[PDB]
Amino acid sequence: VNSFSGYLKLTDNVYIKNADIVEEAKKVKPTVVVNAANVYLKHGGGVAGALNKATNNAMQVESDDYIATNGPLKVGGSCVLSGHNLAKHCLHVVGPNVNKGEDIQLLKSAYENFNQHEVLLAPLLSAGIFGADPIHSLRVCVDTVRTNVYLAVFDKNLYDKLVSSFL
Ligand SMILES: C[C@H]1CC[C@@H](C(=O)O)CN1C(=O)c1ccc2c(c1)OCC(=O)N2
């Protein structure tokens with residue numbers, strides 16, 4: 001039993017809700033919140049911009065030190081950093097950005113990072129400003145993640161379309 005509330009159950013391990021991931025994280029304080037990161041951990045907009053803003057830019061400060069030490073992530077890769085005031089940890093995961101021409105096949109590799117954590121609060125990878133089809137992203141999530149994932153979909157219309165179109 002965990003403290004996630006109001007989710008619809010899609011499969012044995014995947015759950016979904018129309019919610020703002022920032023507000024969900026502040027309420028639940030999950031062990032792991034997933035960020036929709038880019039390889040430079042430049043948290044400018046979308047999910048990343050919103051999560052970073054909620055940390056008063058502390059996420060960006062920590063991320064800049066990480067990059068200065070380690071260099072950029074790989075598309076499809078991840079790193080674990082602090083969750084600041086939102087969660088114990090933040091798993092920064094880089095899905096492919098279609099608006100940059102990146103290979104959508106890397107979306108499965110991106111979701112594989114979730115399997116290293118027993119329970120996660122997460123957005124749909126490569127959705128939103130990353131340009132991929134969110135229905136496809138949900139299909140990849142369900143077919144790749146085996147650990148318990150609680151998906152927050154900000155847009156009510158998309159959520160309804162995601163639920164209503166789920167096979
Ligand atoms: C992954 C993408 C595309 C699908 C969106 C959806 O789930 O409807 C969620 N996404 C966001 O980038 C996004 C999420 C939360 C916030 C935000 C942007 O900005 C303002 C804010 O306070 N929160």
Side-chain angles (χ1 to χ4, degrees), residues 4-11 14-30 32-60 63 73 75-79 81 83-87 89-114 117 119-145 148-166:
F4 288 102
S5 177
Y7 287 75
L8 179 73
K9 182 171 179 56
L10 295 176
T11 68
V14 180
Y15 295 81
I16 196 168
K17 185 184 184 177
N18 172 221
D20 180 348
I21 193 173
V22 171
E23 296 306 314
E24 274 295 285
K26 286 196 284 188
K27 181 75 174 182
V28 177
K29 309 227 198 303
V32 180
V33 67
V34 173
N35 182 33
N38 58 50
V39 297
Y40 306 110
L41 302 179
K42 286 308 183 197
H43 309 303
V47 167
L51 289 171
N52 178 55
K53 178 178 177 185
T55 76
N56 184 42
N57 211 50
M59 177 181 286
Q60 191 64 67
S63 293
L73 295 181
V75 179
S78 70
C79 67
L81 291 172
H84 301 277
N85 53 319
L86 304 177
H89 306 285
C90 179
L91 182 69
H92 295 272
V93 180
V94 184
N97 188 328
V98 176
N99 304 318
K100 300 179 180 178
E102 291 167 352
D103 182 10
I104 193 63
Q105 307 303 310
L106 290 168
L107 186 54
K108 187 173 185 75
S109 300
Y111 273 116
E112 287 171 342
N113 294 284
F114 289 25
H117 302 277
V119 181
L120 315 88
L121 172 62
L124 285 168
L125 297 180
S126 299
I129 68 177
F130 279 63
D133 176 4
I135 298 174
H136 173 66
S137 183
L138 177 55
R139 192 71 257 164
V140 178
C141 181
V142 163
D143 296 337
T144 305
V145 182
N148 289 327
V149 56
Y150 290 83
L151 293 168
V153 180
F154 180 64
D155 192 71
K156 172 58 175 167
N157 289 325
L158 173 59
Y159 169 84
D160 288 341
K161 185 185 185 194
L162 285 165
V163 170
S164 284
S165 59
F166 184 72

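In this chain, numbering begins with 1 at the start of the sequence shown. One-based numbering, in listed order, for ligands and for the atoms of each. For the numbers below, each heavy atom of this structure counts, side chains included, while hydrogens, waters and symmetry mates do not.
Applying the side-chain hydrogen bond (donor to acceptor under 3.5 Å, both in side chains) definition to pairs two or more places apart or across chains, those involving residues 120-138 are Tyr111-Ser137.
In this structure, the side chain of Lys17 engages the main chain of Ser5 through a donor-acceptor pair within 3.5 Å. No donor-acceptor pair closer than 3.5 Å links the side chain of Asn148 to the backbone N or O of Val14.
Counted by atom type alone, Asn52 and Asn57 present one or more donor-acceptor pairs between their side chains at under 3.5 Å.
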**Study point:** Stepwise side chain to side chain contact (heavy atoms under 4.5 Å, CB included) check, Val47 with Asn35
**Key:** CA-CA 7 Å; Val47 167; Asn35 182 33; 3.9 Å; yes
**Study point:** Verdict with reasoning, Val28 to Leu121, per side chain to side chain contact (heavy atoms under 4.5 Å, CB included)
**Key:** CA-CA 9 Å; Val28 177; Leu121 172 62; 5.6 Å; no
Check ligand 1 for close polar pairs with the protein: N or O on both sides, less than 3.5 Å.
unit_1	atom_1	unit_2	atom_2	d
ligand 1	7 (O)	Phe154	N	2.4
ligand 1	8 (O)	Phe154	N	2.9
ligand 1	8 (O)	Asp155	N	2.6
ligand 1	12 (O)	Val47	N	2.7
ligand 1	22 (O)	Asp20	OD2	3.4
ligand 1	23 (N)	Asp20	OD1	3.2

